[PDB]
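Chains as they are written, first to last, in the numbering used here: chain D, 1 to 216; chain L, 217 to 432.
Using N, Cα and C, we set each Cβ at its ideal position, and we do this for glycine too.
What follows is a set of notes on a single structure, which appears directly below.
Number of protein chains: 2
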Amino acid sequence: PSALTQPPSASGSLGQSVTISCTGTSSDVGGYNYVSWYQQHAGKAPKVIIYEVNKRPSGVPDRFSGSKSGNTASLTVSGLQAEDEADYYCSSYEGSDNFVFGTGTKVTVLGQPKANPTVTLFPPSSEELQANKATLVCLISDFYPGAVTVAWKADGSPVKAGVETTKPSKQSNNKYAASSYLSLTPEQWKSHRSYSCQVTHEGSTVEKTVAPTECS
Amino acid sequence: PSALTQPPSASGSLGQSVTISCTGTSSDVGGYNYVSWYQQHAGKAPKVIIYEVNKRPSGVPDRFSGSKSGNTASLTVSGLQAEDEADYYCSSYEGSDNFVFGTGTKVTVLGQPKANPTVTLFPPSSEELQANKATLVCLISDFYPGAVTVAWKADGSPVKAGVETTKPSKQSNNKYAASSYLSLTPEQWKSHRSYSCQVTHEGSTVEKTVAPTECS
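Shown next as structure tokens:
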């Protein structure tokens, strides 16, 4: 056999909806009443949301409703509400106590509003300085979509080195959470004027600066 | 619901045998004894590689072994092979609709030396308090491999609200970064004796604490 087919992509638009097919062979979907559907945000753990099609459990939101029609297994994600951007899968039973999956449906939600990020720059703490290190981090939070860039300024002749940006991760909200750090010697921190992290996010550039005369 | 605990990293060479466990974060066993192991490779089919604690489905090899202890269900990849690299998960069943999934695991074949995180927690800058909001930022760096646990504490109190963990990036050193932020209610930041960012990585659990002041 194989893995009971799932459409590689799907699109709703908040308020609108989306229905996901789980097409299989007559010995699995439509054969036993044992279709299940799962939810997966970037690893985490999958969360069973549907076990013998039909029904949703109370630790699942009610707009998740699934039904099979002959061999078309389907799941409606009604009224579409964005948070459910996710990578799903589907299952049903085969033979000797064995279960096969759908090949996953990447899913989205259109109409999510764009957001330019809060750039919250941090001067090194005292404890760091007391160990002889001097790391500066730029928290880049709550931007949609995840197209951001990060540049560092030591002043104007800019930091080429030491910089470590991150590829934007997933918030509990389809807004993204990146960070960008600099590793300095104190003998380099104080021997400066002001450092900045400049954050570019489509339309805007958003800078945060910091002076070696910070508090602690 | 939710309540099973599975380790961040899992790793070996080739040849090397790796055990992955999963402990029940509340009373289950006595109750349920039919737990399940799911292998997920990067962008493909979650395949149940163990059914009901030890039974190997058709297809599965034998250097895959399910077992328990008492609250820990465990799998054992007793002869490591390159396409062993993946994202195992553990699973469960409670009431009708009550299927509990572990938080996941990564199995890495080491083709690089091990590197434990380098935690550097940053307390809210003076200026940011001046802007009436408080954000601690836990920073994890220089580790291998890119799978790690993060936890936050406000005087013991394992607090979950306000955390957000970014996923591991490869830094330009073949080691990973990661970063957990916490956007606090600034007074609530006054009124706590300490704050701890905790990072679990295979064989090492580092706890980094911070206490407040109102400087300058």
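Assignment of beta-bridge partners to D/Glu207 by DSSP yields D/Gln198.
Annotation for D/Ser36: the continuous beta strand (DSSP E) segment containing it runs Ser36 to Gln40. One finds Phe315 in chain L with Cβ atoms closer than 7 Å to the Cβ of D/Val48, taken in chain order. A check of alpha carbon separations from D/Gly30 across D/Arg193, D/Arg63, D/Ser58 and D/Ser74 identifies D/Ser74 as the nearest. At least 8 Å separates the CB of L/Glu418 from every CB of chain D.
Within 7 Å of the CB of L/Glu299, no CB atom of chain D is found; the nearest one sits about 17 Å away. At the C-beta level, D/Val137 and D/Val206 stay beyond 8 Å of one another. For D/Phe122, the nearest beta carbon of chain L is closer than 8 Å to its own beta carbon. Rounded to whole angstroms, the separation of the alpha carbons of L/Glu343 and D/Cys215 is 9 Å. In this structure, the CA atom of L/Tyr305 is about 10 Å from the CA atom of L/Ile265.
In this structure, the CA atom of D/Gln130 is about 17 Å from the CA atom of D/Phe122. In this structure, the alpha-carbon of D/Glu83 lies about 27 Å from that of L/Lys386. Listed along chain D, no residue sits closer than 9 Å to L/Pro361 by beta-carbon distance, the nearest being about 14 Å off. By the Cβ neighbour-count rule, L/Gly320 is buried, with 16 or more other Cβ atoms within 10 Å of its own. In the structure shown, D/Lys153 falls within a strand segment according to DSSP collapsed to helix, strand and coil. For D/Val137, the nearest CB of chain L lies under 8 Å from its own CB, placing it at the interface with that chain. If you compare the alpha carbons of L/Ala350, L/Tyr411 and L/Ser308 with that of L/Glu268, the shortest gap goes to L/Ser308.
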